[PDB]
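Contents: one structure, followed by commentary.
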Amino acid sequence: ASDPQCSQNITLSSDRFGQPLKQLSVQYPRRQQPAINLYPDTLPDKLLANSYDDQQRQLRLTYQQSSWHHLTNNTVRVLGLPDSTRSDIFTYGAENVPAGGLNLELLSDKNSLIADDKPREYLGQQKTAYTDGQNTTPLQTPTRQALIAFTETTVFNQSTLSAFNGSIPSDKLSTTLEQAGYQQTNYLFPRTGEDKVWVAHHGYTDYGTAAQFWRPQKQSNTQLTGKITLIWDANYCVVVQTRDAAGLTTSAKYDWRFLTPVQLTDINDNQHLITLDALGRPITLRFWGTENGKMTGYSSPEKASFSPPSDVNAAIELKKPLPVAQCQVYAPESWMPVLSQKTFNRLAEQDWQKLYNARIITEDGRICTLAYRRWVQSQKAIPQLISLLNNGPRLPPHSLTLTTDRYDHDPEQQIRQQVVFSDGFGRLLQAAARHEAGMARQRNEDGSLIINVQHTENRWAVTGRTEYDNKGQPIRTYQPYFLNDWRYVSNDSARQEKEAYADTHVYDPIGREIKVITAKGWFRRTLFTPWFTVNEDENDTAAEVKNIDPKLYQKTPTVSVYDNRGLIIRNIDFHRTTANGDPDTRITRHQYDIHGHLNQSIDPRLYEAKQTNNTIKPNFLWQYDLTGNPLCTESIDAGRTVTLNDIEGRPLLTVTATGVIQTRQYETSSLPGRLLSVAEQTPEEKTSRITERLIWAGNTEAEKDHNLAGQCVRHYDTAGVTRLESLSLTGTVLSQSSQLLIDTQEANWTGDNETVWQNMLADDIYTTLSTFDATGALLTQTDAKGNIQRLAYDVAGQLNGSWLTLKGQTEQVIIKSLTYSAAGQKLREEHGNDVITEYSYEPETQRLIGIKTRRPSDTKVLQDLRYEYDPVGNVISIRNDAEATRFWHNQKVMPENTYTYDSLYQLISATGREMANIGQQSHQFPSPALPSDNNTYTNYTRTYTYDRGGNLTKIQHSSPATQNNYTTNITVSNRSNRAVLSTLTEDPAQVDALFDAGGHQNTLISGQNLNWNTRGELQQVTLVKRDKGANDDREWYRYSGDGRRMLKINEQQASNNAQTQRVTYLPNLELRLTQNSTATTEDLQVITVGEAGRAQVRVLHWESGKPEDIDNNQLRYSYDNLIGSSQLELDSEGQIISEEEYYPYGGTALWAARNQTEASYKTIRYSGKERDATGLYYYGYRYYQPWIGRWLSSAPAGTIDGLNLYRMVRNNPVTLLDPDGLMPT
Amino acid sequence: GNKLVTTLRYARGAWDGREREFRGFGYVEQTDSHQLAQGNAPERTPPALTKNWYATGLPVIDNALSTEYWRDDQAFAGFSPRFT
Amino acid sequence: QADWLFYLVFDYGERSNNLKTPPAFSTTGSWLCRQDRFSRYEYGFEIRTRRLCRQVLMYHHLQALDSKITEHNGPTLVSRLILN
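Protein chains in written order, with the entry's author numbering: chain A, 925 to 1470, 1482 to 2160; chain B, 757 to 840; chain C, 253 to 336.
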């Protein structure tokens, strides 16, 4: 009933042609808290207490100024041609709202809130530059045609230039802005005393003449980019051959009946062709082109005739060797029953024309629906017709695509057949892909679903099945399944077959979904008020449903509290560790600026500290230009970063949090404007180095022959150079090479001579090759040495087997077979070592809930893991029912590993089985137990203590059997959220000293420092610090342009171990060279199939130093658990080589092996990553630190959430994963 | 099998008299109701009502309509026509 | 017809619409006289209408647009509606 939000839009003035010369957008403040709250029954006490903010109570008045040209006389009338606009905002408090609110008369008055000529913030202005087809100089007035040369807009003013802080001198800033394409100028609607502003010009068009119809001839996105052109067809209605500034030219031919391009040629002269049917619908495509100057594909139609069927059944049954792709069959009329020959013969043969004239029978024999019902109502219905129509097995309107990936002489892979059904409202009901043989649901001829399944060769994977409310909202959805058909299943039987899985969608009168009911057994729910939205999760709603007793989550919703501009200013969380206690109400605070952009943000921990100590800054501070670009960001945890872009929006100059000065060289305005190089220096360095450089392809014949035209073909970066040799017609790398910089060299790719770059580069250069199908799936791959992979796919395009031959060797089967669920999840995998993994799913969610791996020759269960979950999806228990393993002494069964969570899903505790001798978790990985050791394993429990800022502060570890009792103590800054162990400091005041300017941790342990490069990847870690002239044991790295690690170089300096352990990373190949400073000790080539964390299989090939107890060409099969951690590694016969248990935060709980020699070749461990010797494991872009759980450094990725320096997966390591670091935001 | 039904009620309409034409309905009340298929959900999206008031150009009604509005005593003053 | 690329045609019965082949752009037939013929008198004279559109159809001059199309392409039918 009360305290609504309200906005009002008032036109203050308009011209005689009705255009809005002056307009005000009024946003009213939040109403004074009333005595009565009408919705508290479902709220935490603090949702009312924290519902009010200063940002909700301001009166915000956004004012527009404008003008338009009007060409009005006796011969021409062109109205409303805008040429100028300005926008400003006035702010007043709640106390400034007039009684009765605002209206036009109150505003037009001399002393009104905006009539009173007081200052207001300038948001921006725009101008239209009109032309006449001859001049670039803007016209004072437009032509009849309103040809616009370009658009001008403001980007900067002094409030946005101050935002660059100290990153640039003012002399340099004025110079840079002009170099960057900005023009300093006046206001369109100026006020006395205002300063000049900077504008950007964009959207450039050179127009042709009346004889050409008034069409464009040349265009450019911005003033600084190259212009591009096109050819008009004979009638200036169609675009022909668009052409790039680089001379790259495309080409096309149109079906003039539809003015629709059907033949398309790219810049590398490759071709694509479709045709259209009588109605203009695309029907089937063909392709051809060259890959290495050699033609491949299906070629033109006359070289391989094909006529698309009109018949869906024929399409389903077409042979593999078709010279086409994406063949189409349309059946939009399938809903409308059709007259059969038999009913024709029994009736229509003599009476066809009566029903035809009665408009029941259509030209094609279809039966009219509406006319038929009228025929029945009129009592003229005929029983042969009644039966025909009643027995017509009509299906929703649909179409079929035959997706092929075949070409030339190769028809070997089966056609992927997908039938899609739409409803009568144009919405998607479902689609199904023909799949492989196996179990599927059965159906009756009336489209009635049978939940029971039977084996068939003919089954389709039905997915996305949805039922709608006729507005277009889902009201019900179904889980994916296999059907022994492709035909649409009636919705009535789907509703009836209770055992089938489906969800229900509950909406309010607006159409907002307010309750989500799932097959899982719980539901989501939400509440909207004018100021906030309350998101109740399954664990909270589970309290009604009534595993950790959901009472814990009772009334612990996530609540978004909005300001009066519609921005979220508070994020309210309720933190409880017990169902019988009160929540610690945690509010992340956010402040928006005058433009509505986030101004700043801070978490509850530092927020409260800030209240008593105001020298504590926010997690984020921001500055924006007049178009909303993030010119500057600053963080108490991650430092200050400033960026100045070009007109397109790409960086020209930036200063990192660490003060590194970087700049970008682009092509000039006569050219395409592509990036050419990046140079950088630290503040201490005066001369920058060229660390990035791009050699771009043009439009030459050689470039076209290898499909490289317009591509960057030589990419120089911080590691070396990547060079494209050739691309496929599918846009994939067909062939590429790579060469790295010599250890002692810097990335300073100066001059114009490759000779220099070649002198900088090492002589270790390689090329890899790949074979692709016509859709770009990888079929084969040859690595840097010559080891070759071969892949197979199922009909759905999923991997269904895999092979690998080593150079000069007989091909081995790595994967005997692989098959998937209707949802595409691994269902069964059969490995070449005679090891079979079965995957157990929960149909309600299509979630993997268990893993079973057996060695069928002795039906030995190697592992059997089951996963139990709460209502949200936090794993609450994991149990391995398989025999504990041969390395154990007198133990057969491992205990269930339990997990405890708080109201925020933080992992509070976990249990499990650990090695009796595992001891203290540190950066040093332990020796494996060997089976001859008769090793004892014991139970453990571990408790995770988190602070009010969401940081992990303590890990309490215990194991009463051995008294492995200790606590890991994490010291967190009392000014920032940066944290280290007590090892480096116990003092919250000194924690900040253990980090650099950008938030990168300075040290691991005393004696082991972290040497960071200019971008954030770790350049070098000291492992053994020695004094005077001694050489330090160090591990150093080389990373590429995307941070990908190219090299791991571990240098041992001991006199009895002066040794370099050189690991080079190549796609699917690990080159592991271990040598003493004077001689090779080992030289191992590891070729891999699949990906780490996805049960990758590796083959170990030695060229030198193979151990006496090691076979060559040895196969190593990794069996990962649910999160990608490698549980077991098996040999080529399926025997266990080694095993490892992990602590939730990546520690090692249990470690054993058959042979320590074999164990030394296992690097892939926690969540699929390697256990780097340093204890700090590299994941893309960052390193993982197990004793903290907060890695080593931050990222620019955090924005809207108000997150701290960094933390691992929002503190739920056993449920949530983020191997690529893409989660923060 | 899901069906939607919408029903409209009209009130306060008028004839121009002077130029002899139908002006329109001052008040249009539209109810939307989700008669979703049996066996689908335990509950239907609750129905919605749109209450629209229009100018007819007959000030007697256009003014009278002001008392048919949902009331909020804490609301801002309502609007009246402006001629210029 | 040579001056234009596209044509919108209203068929009042001059050509068959039950064809497998397209209807002619220009034909020799004549419009059909409807059963419900009627007239208006408010303009002071009789205006009597005896026909109604049977189909609506589009033609494109394809050689003017392309160039390699057989000469008999002016009247090329692209699409139509049947009005029953």
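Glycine is no exception: its CB is placed at the ideal position from the N, C-alpha and C atoms.
Supposed contact pair residue j and residue i - C-beta distance, whole angstroms, cut 8 Å
i       : j       : result
A/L1324 : A/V1253 : 4 Å
A/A1896 : A/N1874 : 7 Å
A/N1832 : A/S1812 : 7 Å
A/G1942 : A/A1573 : 27 Å between Cβ atoms; not a contact.
A/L1676 : A/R1973 : 7 Å
A/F1014 : A/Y1046 : So it is not a contact: roughly 11 Å between Cβ atoms.
A/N2011 : A/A1989 : Not a contact, Cβ separation roughly 11 Å.
8 Å Cβ cutoff met for residue i and residue j
i       : j       : result
A/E1765 : A/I1750 : yes
A/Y1412 : A/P1320 : yes
A/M1260 : A/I1310 : no
A/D1409 : A/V1807 : no
A/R1367 : A/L1407 : yes
A/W1557 : A/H1530 : no
A/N1768 : A/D2066 : yes
A/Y2054 : A/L2063 : yes
A/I1375 : A/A1418 : no
A/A1355 : A/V1343 : yes
B/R768  : B/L821  : yes
A/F1080 : A/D1560 : yes
A/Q1165 : A/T1174 : yes
Classification of residue i by the beta-carbon crowding that lies within 10 angstroms, buried from 16 upward
i       : result
A/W1180 : buried
A/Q1597 : buried
A/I1786 : buried
C/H324  : exposed
B/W771  : exposed
C/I334  : exposed
A/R1585 : exposed
A/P1043 : exposed
CB contact check: residue i to chain A, cutoff 8 Å
i      : result
B/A811 : no
C/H324 : no
C/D263 : no
C/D318 : yes
B/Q786 : no
Any chain B beta carbon closer than 8 Å to residue i
i       : result
A/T1133 : no
A/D1393 : yes
A/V1496 : no
is_contact[residue i, chain C] using C-beta, thresh 8 Å
i       : result
A/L1203 : yes
A/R1365 : no
A/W1138 : no
Quiz prompt | the region 950-958 of chain A contacting the region 1005-1023 of chain A, beta-carbon criterion three pairs below 8 Å | solution = yes
Quiz item: Quick check: the region 1394-1404 of chain A against the region 1775-1782 of chain A, are there 3 or more CB pairs under 8 Å?
Solution: Yes: the two stretches touch, three or more of their Cβ pairs being nearer than 8 Å.
Quiz item: Pairing CB atoms from the region 788-805 of chain B with CB atoms from the region 768-780 of chain B, are three or more of them under 8 Å?
Solution: The answer is no - the region 768-780 of chain B does not touch the region 788-805 of chain B, with fewer than three Cβ pairs under 8 Å.
Quiz prompt | Any 3 or more C-beta pairs closer than 8 Å across the region 1693-1700 of chain A and the region 1976-1986 of chain A | solution = no
Quiz prompt | Contact between the region 794-814 of chain B and the region 1432-1439 of chain A (3+ Cβ pairs under 8 Å) | solution = yes
Quiz item: Three or more C-beta pairs closer than 8 Å, one from the region 2101-2108 of chain A and one from the region 1866-1882 of chain A: is that the case here?
Solution: no
Quiz item: Should the region 989-1003 of chain A be regarded as contacting the region 960-972 of chain A, the criterion being three or more beta carbon pairs within less than 8 Å?
Solution: no
Practice problem: Specify whether the region 1716-1724 of chain A and the region 2012-2031 of chain A touch according to this definition: at least 3 beta carbon pairs, one from each stretch, less than 8 Å apart. | Solution: yes
Quiz prompt | Three CB pairs or more closer than 8 Å across the region 1327-1336 of chain A and the region 1704-1711 of chain A | solution = Yes, the region 1327-1336 of chain A touches the region 1704-1711 of chain A.
Quiz item: Using 8 Å as the Cβ pair cut-off and three pairs as the minimum, do the region 2105-2123 of chain A and the region 1542-1555 of chain A touch?
Solution: no
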